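Shown next as structure tokens: one chain only, the form deposited in one PDB entry.
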């Protein structure tokens, strides 16, 4: 009924395909390391596959609808997502009703193709006050989690200066803003994203 969390063996080509994609999409943010911490590699502690029947079905029904609307192209893309509700999301799925009106591009769910970008969001906007135990945004101790999800983009609307919209523009199914820089993929329907992989990891202090 609920969600089954499956561990992936590090020697499974599937584990390797996800960690490789997480480690390789690390980038410099002209941050100084403030939001997500100072690092240039993660210690991937665990990769779990999130299996939930109802979520898959809601997600596949919507993906069909979007195909119909976009010349049989649902445009599925694997994307990272970071935020403080990861546990809630893996059990009940993505939910736009918990989406923040004020967001740069509206009340949607945000995704990035760069792992170092979603890591900045693990403990809230800008990385809030860091980890709960150490009030440190660059904690090398506490374990963090992020999601690598299948995101049904359908036809993406390229917006390029803020517009706080509540739904994708007419005829589109997603929004891509290029903030200052990097890209933000936004959806306004929980069922357009499926949280495929749950990743437990730590940022690692720079070597010396």
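Take the two forms, superpose them, and find the largest set of C-alpha atoms that agree within 1.5 Å; that set is the rigid core. Positions refer to the first chain, counted from 1.
Separately, the form deposited in another entry exists; it is not shown, and the next lines address it.
With the two forms fitted on their core, the C-alpha shifts between this form and the one not shown stay under 2 Å for all of 78, 104, 131, 86 except 104. Comparing the forms between this form and the one not shown on their rigid core, the Cα displacement of residue 43 stays under 2 Å. When two forms of a protein are overlaid on their rigid core, residues whose CA moves 2 Å or more are considered shifted, and residue 162 is one of them between this form and the one not shown. Relative to the shown form, the CA atoms of residue 162 and residue 122 are brought 3 Å or more closer together in that other deposited form.
Relative to what is shown, residue 103 and residue 89 are farther apart in that other deposited form; their C-alpha atoms differ in spacing by at least 3 Å.
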